[PDB]
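J.: Input structure: run_0.pdb, which contains PDB, C-alpha atoms (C1' of nucleotides).
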ATOM      1  CA  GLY A  21     105.038  94.217  98.897
ATOM      2  CA  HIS A  22     103.706  96.891  96.546
ATOM      3  CA  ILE A  23     101.685  97.732  93.419
ATOM      4  CA  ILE A  24     102.103 100.130  90.495
ATOM      5  CA  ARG A  25      98.984 101.689  89.086
ATOM      6  CA  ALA A  26      98.615 101.603  85.345
ATOM      7  CA  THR A  27      99.513 104.689  83.356
ATOM      8  CA  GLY A  28      97.761 103.926  80.104
ATOM      9  CA  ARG A  29      94.075 103.971  79.290
ATOM     10  CA  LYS A  30      94.468 100.888  77.216
ATOM     11  CA  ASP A  31      95.300  98.393  79.902
ATOM     12  CA  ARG A  32      94.447  99.083  83.441
ATOM     13  CA  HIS A  33      95.995  95.982  84.977
ATOM     14  CA  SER A  34      98.214  96.581  87.978
ATOM     15  CA  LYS A  35     101.862  95.516  88.020
ATOM     16  CA  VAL A  36     103.640  94.353  91.160
ATOM     17  CA  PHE A  37     106.889  95.570  92.671
ATOM     18  CA  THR A  38     109.703  93.002  92.921
ATOM     19  CA  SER A  39     113.479  92.861  93.492
ATOM     20  CA  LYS A  40     113.895  93.587  89.784
ATOM     21  CA  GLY A  41     111.272  96.321  89.672
ATOM     22  CA  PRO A  42     107.767  96.524  88.235
ATOM     23  CA  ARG A  43     106.679  93.140  86.861
ATOM     24  CA  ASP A  44     103.629  92.180  84.827
ATOM     25  CA  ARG A  45     101.445  89.716  86.700
ATOM     26  CA  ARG A  46     101.225  87.013  83.985
ATOM     27  CA  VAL A  47     103.390  83.929  83.793
ATOM     28  CA  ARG A  48     103.865  81.416  81.008
ATOM     29  CA  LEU A  49     104.201  77.794  81.998
ATOM     30  CA  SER A  50     106.062  75.265  79.880
ATOM     31  CA  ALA A  51     104.023  72.352  78.506
ATOM     32  CA  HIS A  52     105.200  69.814  81.088
ATOM     33  CA  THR A  53     104.822  72.363  83.914
ATOM     34  CA  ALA A  54     101.397  73.403  82.663
ATOM     35  CA  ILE A  55     100.107  69.828  82.790
ATOM     36  CA  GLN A  56     101.492  69.186  86.256
ATOM     37  CA  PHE A  57     100.328  72.584  87.485
ATOM     38  CA  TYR A  58      96.823  72.071  86.098
ATOM     39  CA  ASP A  59      96.846  68.574  87.593
ATOM     40  CA  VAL A  60      97.118  70.229  91.035
ATOM     41  CA  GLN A  61      94.659  73.008  90.145
ATOM     42  CA  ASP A  62      91.941  70.547  89.127
ATOM     43  CA  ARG A  63      92.639  68.271  92.126
ATOM     44  CA  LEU A  64      92.093  71.044  94.676
ATOM     45  CA  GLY A  65      89.077  71.934  92.581
ATOM     46  CA  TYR A  66      90.043  75.612  92.286
ATOM     47  CA  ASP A  67      88.520  77.765  89.534
ATOM     48  CA  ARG A  68      91.367  80.285  89.049
ATOM     49  CA  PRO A  69      94.989  79.099  88.631
ATOM     50  CA  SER A  70      96.190  81.809  90.994
ATOM     51  CA  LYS A  71      94.530  80.167  93.991
ATOM     52  CA  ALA A  72      96.519  77.013  93.122
ATOM     53  CA  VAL A  73      99.870  78.823  93.366
ATOM     54  CA  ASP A  74      98.731  80.382  96.649
ATOM     55  CA  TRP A  75      98.311  76.765  97.781
ATOM     56  CA  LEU A  76     101.614  75.719  96.341
ATOM     57  CA  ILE A  77     103.320  78.463  98.195
ATOM     58  CA  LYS A  78     101.738  77.944 101.520
ATOM     59  CA  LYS A  79     103.095  74.551 101.390
ATOM     60  CA  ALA A  80     106.747  74.985 100.638
ATOM     61  CA  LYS A  81     106.755  77.664 103.262
ATOM     62  CA  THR A  82     109.904  75.695 104.030
ATOM     63  CA  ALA A  83     111.472  77.430 101.098
ATOM     64  CA  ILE A  84     113.395  79.367 103.599
TER      65      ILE A  84
ATOM     66  CA  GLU B  14      95.748  68.826  66.303
ATOM     67  CA  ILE B  15      96.462  66.475  69.251
ATOM     68  CA  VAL B  16      99.790  64.840  70.183
ATOM     69  CA  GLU B  17     100.281  62.182  72.876
ATOM     70  CA  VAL B  18     103.526  62.793  74.751
ATOM     71  CA  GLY B  20     103.594  63.639  80.033
ATOM     72  CA  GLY B  21     100.070  63.959  78.682
ATOM     73  CA  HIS B  22      98.178  65.455  75.739
ATOM     74  CA  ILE B  23      99.542  68.718  74.300
ATOM     75  CA  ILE B  24      97.524  70.548  71.695
ATOM     76  CA  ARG B  25      99.256  72.094  68.716
ATOM     77  CA  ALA B  26      97.403  75.069  67.496
ATOM     78  CA  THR B  27      96.838  74.827  63.801
ATOM     79  CA  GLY B  28      96.001  78.501  63.780
ATOM     80  CA  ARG B  29      98.391  80.905  62.074
ATOM     81  CA  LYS B  30      98.809  83.979  64.250
ATOM     82  CA  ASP B  31     100.296  81.836  66.934
ATOM     83  CA  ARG B  32     101.826  78.467  66.816
ATOM     84  CA  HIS B  33     101.658  78.542  70.539
ATOM     85  CA  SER B  34     100.307  75.264  71.788
ATOM     86  CA  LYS B  35      97.776  74.660  74.573
ATOM     87  CA  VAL B  36      97.511  71.696  76.942
ATOM     88  CA  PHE B  37      94.666  69.218  77.369
ATOM     89  CA  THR B  38      93.568  69.063  81.029
ATOM     90  CA  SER B  39      90.826  67.121  82.812
ATOM     91  CA  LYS B  40      88.567  70.114  82.040
ATOM     92  CA  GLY B  41      89.553  70.645  78.400
ATOM     93  CA  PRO B  42      91.995  72.780  76.406
ATOM     94  CA  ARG B  43      93.695  75.280  78.720
ATOM     95  CA  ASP B  44      96.087  78.079  77.934
ATOM     96  CA  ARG B  45      99.685  77.746  79.151
ATOM     97  CA  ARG B  46      99.595  81.430  80.253
ATOM     98  CA  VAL B  47      97.930  82.497  83.532
ATOM     99  CA  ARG B  48      97.405  85.833  85.305
ATOM    100  CA  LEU B  49      98.508  85.832  88.943
ATOM    101  CA  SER B  50      96.687  88.148  91.317
ATOM    102  CA  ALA B  51      98.639  91.076  92.740
ATOM    103  CA  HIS B  52      98.542  89.243  96.050
ATOM    104  CA  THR B  53      99.947  86.022  94.578
ATOM    105  CA  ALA B  54     102.430  87.560  92.141
ATOM    106  CA  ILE B  55     104.221  89.437  94.923
ATOM    107  CA  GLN B  56     104.904  86.224  96.849
ATOM    108  CA  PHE B  57     105.427  84.146  93.710
ATOM    109  CA  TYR B  58     108.022  86.476  92.196
ATOM    110  CA  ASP B  59     109.797  86.683  95.543
ATOM    111  CA  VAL B  60     110.529  82.963  95.451
ATOM    112  CA  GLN B  61     111.458  83.196  91.772
ATOM    113  CA  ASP B  62     113.984  85.917  92.572
ATOM    114  CA  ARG B  63     115.244  84.022  95.611
ATOM    115  CA  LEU B  64     115.800  80.902  93.477
ATOM    116  CA  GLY B  65     117.420  83.120  90.821
ATOM    117  CA  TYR B  66     115.500  81.354  88.036
ATOM    118  CA  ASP B  67     115.535  83.200  84.716
ATOM    119  CA  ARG B  68     112.069  82.065  83.531
ATOM    120  CA  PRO B  69     109.108  81.827  85.944
ATOM    121  CA  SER B  70     107.899  78.455  84.683
ATOM    122  CA  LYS B  71     110.926  76.940  86.446
ATOM    123  CA  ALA B  72     109.677  78.373  89.734
ATOM    124  CA  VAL B  73     106.364  76.565  89.388
ATOM    125  CA  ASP B  74     108.328  73.426  88.554
ATOM    126  CA  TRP B  75     110.241  73.977  91.808
ATOM    127  CA  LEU B  76     107.126  74.620  93.860
ATOM    128  CA  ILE B  77     105.619  71.360  92.669
ATOM    129  CA  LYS B  78     108.926  69.557  93.208
ATOM    130  CA  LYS B  79     109.072  70.899  96.788
ATOM    131  CA  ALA B  80     105.408  70.176  97.645
ATOM    132  CA  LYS B  81     104.609  66.609  96.535
ATOM    133  CA  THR B  82     104.428  65.797 100.276
ATOM    134  CA  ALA B  83     101.040  67.538 100.048
ATOM    135  CA  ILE B  84     100.121  66.939  96.413
ATOM    136  CA  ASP B  85      99.717  63.172  96.594
ATOM    137  CA  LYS B  86      97.166  63.250  99.433
ATOM    138  CA  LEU B  87      94.667  65.242  97.323
TER     139      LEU B  87
ATOM    140  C1'  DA C   1      86.540 105.373  86.580
ATOM    141  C1'  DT C   2      89.713 101.709  87.877
ATOM    142  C1'  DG C   3      90.681  97.860  88.617
ATOM    143  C1'  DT C   4      89.664  92.402  87.512
ATOM    144  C1'  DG C   5      90.456  87.244  84.837
ATOM    145  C1'  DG C   6      91.562  85.825  80.829
ATOM    146  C1'  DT C   7      93.068  85.508  76.115
ATOM    147  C1'  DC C   8      94.136  87.605  71.126
ATOM    148  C1'  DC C   9      97.779  89.360  67.987
ATOM    149  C1'  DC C  10     102.268  89.557  67.252
ATOM    150  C1'  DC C  11     107.478  90.558  67.997
ATOM    151  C1'  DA C  12     111.902  88.569  68.941
ATOM    152  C1'  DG C  13     114.372  84.642  70.620
ATOM    153  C1'  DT C  14     115.116  79.441  71.540
TER     154       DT C  14
ATOM    155  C1'  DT D   1     111.127  75.928  60.686
ATOM    156  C1'  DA D   2     108.472  74.895  64.853
ATOM    157  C1'  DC D   3     107.396  76.671  69.201
ATOM    158  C1'  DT D   4     108.023  80.075  72.979
ATOM    159  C1'  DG D   5     108.367  83.990  76.432
ATOM    160  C1'  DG D   6     106.306  88.049  77.034
ATOM    161  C1'  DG D   7     104.422  93.018  75.709
ATOM    162  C1'  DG D   8     100.584  95.471  74.117
ATOM    163  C1'  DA D   9      95.971  95.529  73.561
ATOM    164  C1'  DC D  10      91.132  94.224  74.465
ATOM    165  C1'  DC D  11      85.971  92.176  76.101
ATOM    166  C1'  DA D  12      83.150  91.630  79.943
ATOM    167  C1'  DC D  13      82.856  92.377  84.457
ATOM    168  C1'  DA D  14      82.769  94.546  88.925
TER     169       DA D  14
END
Give the structure from the file, written as structure tokens.
T.:
Amino acid sequence: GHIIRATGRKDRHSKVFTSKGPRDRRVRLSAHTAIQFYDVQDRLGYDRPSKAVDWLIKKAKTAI
Amino acid sequence: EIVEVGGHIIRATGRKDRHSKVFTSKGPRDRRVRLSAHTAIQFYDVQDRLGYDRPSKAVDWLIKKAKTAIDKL
DNA sequence: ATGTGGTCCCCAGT
DNA sequence: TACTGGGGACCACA
């Protein structure tokens, strides 16, 4: 897993390196997925959504 | 404006974006989130490996494939 | 300086 | 003709 350091002086957010190349680290959820996702996020009591998808990925480790 | 449909889904009556937010147990939330470098790397991996075009589907799949944990919360 | 979470403004597409 | 997915920028922060 890698990172790509920003080039511009306007946005300094890092991108990540995936199978399809540099990707921006934001995702958009659809309205039904948002509500279910945020269900989980508020249940675990996590402040930042990203910690909720770390949880959702630990579990599901049987993705393989 | 509020619509009941799922749950409660707020329609922005603004004008530079008709993008709609969702009403959560902690108020109006945006449907766009910023994954940490650490998370994004693992999240996109499973998106690629499922071949899903749009990454919202991947979160749908995660939740699908993890209700065995979600209910006991 | 160089990243961070998070969201605004807005383009192109569903 | 209403909403969306995502890029580009940006405020406060660290």
J.: Using all atoms listed in the file, find the residues of chain D whose closest atom to chain B is at most 10 Å away, then write them as a list in words.
T.: residues 2, 3, 4, 5 and 6 of chain D
J.: Find the residues with any atom within 10 Å of (107.5, 84.2, 97.5); use only C-alpha atoms (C1' of nucleotides) and the coordinates as given in the file, and write the answer as a PyMOL selection string.
T.: (chain A and resi 74+77-78+80-81+83-84) or (chain B and resi 53-64+72)
J.: Could you list the residues chosen by the PyMOL selection byres ((chain A and resi 70) around 8) in this structure as JSON, numbers by chain?
T.: {"A": [68, 69, 71, 72, 73, 74], "B": [47, 48, 49, 50, 53]}
J.: Do you know which residues the PyMOL selection byres ((chain D and resi 11-13) around 10) returns on this file, as number ranges by chain?
T.: C: 4-7; D: 10, 14
J.: Show me, as a PyMOL selection string, every residue of chain A with an atom at most 9 Å from chain C, counting all atoms listed in the file.
T.: chain A and resi 32-34+68
J.: Since I can't run it myself right now, could you work out what the PyMOL selection byres ((chain A) within 9 of (chain B)) selects here and report it as a PyMOL selection string?
T.: chain A and resi 21-23+34-40+43-60+62-64+68-71+73-74+76-77+79-80+82-83
J.: Given the choices A:29, A:41, A:75, A:66, which gets closest to residue 8 in chain D if the distance is worked out from all atoms listed in the file?
T.: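 Counting all atoms listed in the file, the residue closest to residue 8 in chain D is A:29.
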J.: Between B:14, B:41, B:66, B:29, single out the one closest to chain C, counting all atoms listed in the file.
T.: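 Among B:14, B:41, B:66, B:29, it is B:29 that comes nearest to chain C.
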J.: Which centre and edge lengths in Å to one decimal define the box along x, y and z that fits every listed atom of range 2-8 of chain C plus 8 Å per side, as AutoDock Vina command-line options?
T.:
--center_x 91.9 --center_y 93.6 --center_z 79.9 --size_x 20.5 --size_y 32.2 --size_z 33.5
J.: Find the distance between CA of residue 42 in chain A and CA of residue 25 in chain A and write it in Å to one decimal.
T.: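 Separation of CA of residue 42 in chain A and CA of residue 25 in chain A: 10.2 Å.
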J.: What's the separation between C1' of residue 9 in chain D and CA of residue 26 in chain B, in Å to one decimal place?
T.: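 So the two atoms, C1' of residue 9 in chain D and CA of residue 26 in chain B, lie 21.4 Å apart.
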J.: Quick one: distance from CA of residue 16 in chain B to CA of residue 67 in chain B in Å, one decimal?
T.: 28.2 Å
